[PDB]
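So this first bit is one chain, no partners, the form deposited in one PDB entry, shown in C-alpha cells.
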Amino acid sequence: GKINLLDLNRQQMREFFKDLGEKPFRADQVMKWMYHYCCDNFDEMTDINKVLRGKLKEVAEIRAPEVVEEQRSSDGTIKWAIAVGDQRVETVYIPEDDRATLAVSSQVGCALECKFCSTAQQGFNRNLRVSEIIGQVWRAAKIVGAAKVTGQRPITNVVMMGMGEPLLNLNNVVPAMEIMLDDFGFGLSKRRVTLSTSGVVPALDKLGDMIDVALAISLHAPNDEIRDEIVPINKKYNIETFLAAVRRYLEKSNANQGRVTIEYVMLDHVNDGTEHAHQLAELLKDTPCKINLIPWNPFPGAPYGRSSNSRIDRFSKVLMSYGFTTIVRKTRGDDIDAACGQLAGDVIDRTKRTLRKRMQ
C-alpha cells in the first residue's frame, strides 16, 4: 500500500509532505526529479538528505504503467500499448517539423458508442487513474528522451485524443493535465494542451471551474439528425446546447484565445457534401472557431468510407469562402492503426455490448 506519487498534483503532494513533517518545497524538488528527469528511483535525488530519501522508499513509489508494445509508422508516428491491469490502452507520439505531440488515453475503452470510432467498438471497462494518464506522458518522454533520433523532438504538445471521453473522467483527467502544465511537472502551455470532447455539457461547465486548457469539439455534423446517428450523445445534449456550453468555456479562457477547434470527420456521402458545408457554415456563424476536417480512418467492420480528396477539398473551399480557418488534419500513423479513432487497445467490455448486439 505504498502511495504512488504519479497520482498527485502539486497541491496534493504539498499536503503529502506536510504530513510526515516536511516543508512544501520538497514537493517541488521531487516533481522536478520525476518530470524534468524521468526519475523513478529516490536514490538518485541528490537534492534530498539520505534520511528523507530512505523515508520515501518506506511510504512511497514512482510507478508508471509498463509499455508492453511499440510500433513505428513510416511517417514517424509511434504507438505504445501500456499495461493497465489485465487490459491495455494506447499512447501515440506524433513528430512534426517544429513540434512533437502526444495523444493520451483517458479511459479503458469508451462508453459513448460513436459509430465511426474503433474505440467504441471495444466497449468500456473503467476510467484511468491519474498515474495511468500522466504516466503515458512520463513513459513517452523517457523513451523519446533516451533515443536521440533525428527529427524526434521532446513533447511540446499534448492532446486528449486517445481512447475515451475525457469529460467522463474529470477526477483523474484534470489533475493529470495540471501536472502537464506545472512548471515543476512537464511545463507545457495551456494553448498546446488540447482536450477533445463529444459534448458532455454539464461536465464541460465543471471543467471551466477547474482548469483552463485548449478545447476541441467533436462536432462531425451540420445538424442534429445526422449527428444523432453518428454521435449518439447528441440525443441527450443537442448541437445548440453544446455550442452554448462551448461559448461559456471560451469566455473564461486564455488558453483558447477566443477560438474553439471544430473537429469534423469526413464520412463519404454522409456528412461530406457541398450542401452540408453550407449548412455547417450557417451553424457556426455565432461561434468563433477554427475548423479541423478529419479524413476518416478505417477500422474492421465499419459501415463507412473515407471521403475522397476531391470531395474534402470542395468541402473546405466552401468553408473558406465563408471566412473560416479550415485545416485538413494530416493522417498520421494509419499504417499501425494509430490514426485518430483507430485505437482499439485491449479492453474487457463491462457494458455487455456484444450480448446486446446479438439480441438487436
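Only residues modelled in both forms are compared. Start at 1 with the first residue shown and count on from there. Whichever C-alpha set is largest while still superposing within 1.5 Å between the two forms counts as the rigid core.
Asks: Comparing 24 to 32 with 328 to 336, where is the mean C-alpha B-factor higher?
Replies: Averaged over C-alpha atoms, the B-factors run higher in 24 to 32.
Asks: Do the CA atoms of 139 to 147 or those of 106 to 114 have the higher mean B-factor in the entry?
Replies: Averaging CA B-factors over each stretch, the winner is 139 to 147.
Asks: Ranking the modelled residues of this chain by C-alpha B-factor as given in the entry, is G199 in the lowest, middle or highest third?
Replies: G199: CA B-factor falls in the middle third of its chain.
Asks: Looking at the entry's B-factor column for C-alpha atoms only, identify whether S310 ranks in the lowest, middle or highest third of its chain.
Replies: Answer is highest: the recorded C-alpha B-factor places it there.
Asks: Compare the C-alpha B factor of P300 with those of the other modelled residues in its chain, then answer lowest, middle or highest third.
Replies: Its C-alpha B-factor belongs to the middle third of this chain's values.
Asks: Using only modelled residues of the chain, where does the Cα B factor of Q152 rank: lowest third, middle third or highest third?
Replies: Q152: CA B-factor falls in the highest third of its chain.
Asks: According to the PDB entry, is the CA B factor of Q342 in the bottom, middle or top third of its chain, that is, lowest, middle or highest?
Replies: For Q342, whose C-alpha B-factor we compare with every modelled residue in the chain, the answer is the lowest third.
Just so you know, the form deposited in another entry exists too; it's not on screen, but the next bit is about it.
Asks: Determine, with the core as the superposition reference, the one member of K115, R259, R153, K190 that shifts its CA by 2 Å or more between this form and the one not shown.
Replies: Residue with a C-alpha shift of 2 Å or more: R153.
Asks: In the other entry, do the Cα atoms of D97 and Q152 sit closer or farther apart than here, given a shift of 3 Å or more?
Replies: So the answer is farther.
Asks: Would one find the Cα atoms of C38 and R153 closer or farther in the other entry than in this form, where their distance changes by 3 Å or more?
Replies: Closer in the other entry, by 3 Å or more.
Asks: Residues present in both forms only, core superposed, 2 Å C-alpha shift required: which runs of three or more differ between this form and the one not shown?
Replies: Run found: 146 to 153, no others.
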